[PDB]
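Throughout, read-outs are computed from the coordinates displayed, never taken from laboratory work. A quick note on method: Cβ atoms are made from the backbone with ideal geometry, for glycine too, and the neighbour counts reach across all protein chains shown.
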There are 2 protein chains.
Amino acid sequence: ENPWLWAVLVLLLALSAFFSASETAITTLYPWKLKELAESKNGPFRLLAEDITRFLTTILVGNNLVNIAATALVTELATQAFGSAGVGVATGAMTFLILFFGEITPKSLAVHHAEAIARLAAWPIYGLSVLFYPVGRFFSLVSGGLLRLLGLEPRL
Amino acid sequence: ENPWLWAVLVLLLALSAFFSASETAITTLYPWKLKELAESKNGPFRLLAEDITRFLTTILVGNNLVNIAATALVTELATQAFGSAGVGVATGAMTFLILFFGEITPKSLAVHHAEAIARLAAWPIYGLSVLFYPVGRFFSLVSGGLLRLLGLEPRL
Ligand SMILES: [Mg+2]
Ligand SMILES: [Mg+2]
Ligand SMILES: [Zn+2]
Ligand SMILES: [Zn+2]
């Protein structure tokens, strides 16, 4: 159990909180108060209002990525220490940690500070969007492709 | 690599889809069309409309649980086969699988079939709620407790 590897794990759960908090802060501000902060400057709120799907998508991708990442880390420690019971341990320990620290706490926190979080997250997320939004947008276009071939969605 | 252990993994990703689909189908129906299906009978729609937080909470808990669970499984195979590179492999492989099969496909699917999914999921989720909703509701009350002690939320 190296020291960095706990720090990495904490960085990751922080990132999950960052993503779940920013998701909440963006959507509670949307649309009216987002538009109102957008016509005033400056300046992240204009970027959030104008392309909001770009933002929520990156988040979905960034939130699952670091959630899965962090779980996969912890499982490697759980299984190196405890064998096949580590899967049990890690599922429990992580289900607690993503829920409480990467979801329920940040989301709770965001509704009380939507403007400051949104302002602080929009550029970092906009950066991670250079790569994540095409990935997410690709996934979805194939997803809905796969669906319509399968007749589970109106033909086109 | 046992055969059951792939089946378990698939069951889990199905469950994640079940949860992300039901989450979408419930909230796109809410509130007006949910109320309209609720005053007509019978009968899950009445249960969904009346205590909706009970439902979305179980889902949040059930979706993270099986997401983390399935990732922790796959990591154990990734690391038994590939050593410390398995964490890399599993994060990649799973981030693809939860996103595409446990999220982007089901959510896409649900908006086109909200009434049938909602009707079919409300009792199963209501069952899983006997246990998950107190857990989630506990998490949150401590969460907001922890927040107010820390002065990040209006005192009380
Ligand atoms: Mg999160
Ligand atoms: Mg899911
Ligand atoms: Zn104005
Ligand atoms: Zn009516």
If residue A:73 passes every condition in (1) surrounded by fewer than 23 Cβ atoms within 10 Å (Cβ to Cβ); (2) within 16 Å of ligand 3 (Cβ to nearest atom) but one, which one does it miss?
-> (2)
Qualifying position, being of a type outside the set (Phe, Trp, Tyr), over 15 Å from residue B:10 (Cα atoms) and away from ligand 2 (no atom under 12 Å from the Cβ), among B:74, B:89 | B:89
Residues within the range B:110-156 that are touching a residue at least 12 places away in the same chain (Cβ under 8 Å), under 16 Å from residue B:18 (Cα atoms) and within 8 Å of chain A (Cβ to nearest Cβ), tallied | 1
Do we find that residue A:36 is touching a residue at least 40 places away in the same chain (Cβ under 8 Å) and either surrounded by fewer than 19 Cβ atoms within 10 Å (Cβ to Cβ) or within 8 Å of chain B (Cβ to nearest Cβ) (or both) in this structure?
-> no
Working only within the range A:18-33, note down all residues that are touching a residue at least 60 places away in the same chain (Cβ under 8 Å), more than 14 Å from every other protein chain (Cβ to nearest Cβ) and either among the hydroxyl-bearing types (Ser, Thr, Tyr) or within 16 Å of ligand 1 (Cβ to nearest atom) (or both).
-> A:18, A:22, A:26, A:28
In the range B:20-46, how many residues are over 19 Å from residue B:106 (Cβ atoms) and either within 16 Å of ligand 2 (Cβ to nearest atom) or under 12 Å from the mean Cα position of the chain (by Cα) (or both)?
-> 0
Out of B:83, B:88, report the one residue that is within 9 Å of another protein chain (Cβ to nearest Cβ) and more than 18 Å from the chain's Cα centre (by Cα).
-> B:88
Quick check, is residue B:52 closer than 18 Å to residue B:136 by Cβ and more than 13 Å from chain A (Cβ to nearest Cβ)?
-> yes
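Name the residue, out of B:90, B:81, that is surrounded by fewer than 21 Cβ atoms within 10 Å (Cβ to Cβ) and part of a helix (DSSP H, G or I).
B:81
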The correct count of residues that are touching a residue at least 24 places away in the same chain (Cβ under 8 Å) and of a type in the set (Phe, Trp, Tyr) in the range B:53-99 is 1
Taking the range B:39-54 and keeping residues over 21 Å from residue B:134 (Cα atoms) and surrounded by fewer than 15 Cβ atoms within 10 Å (Cβ to Cβ) leaves B:39, B:40, B:41, B:42, B:43
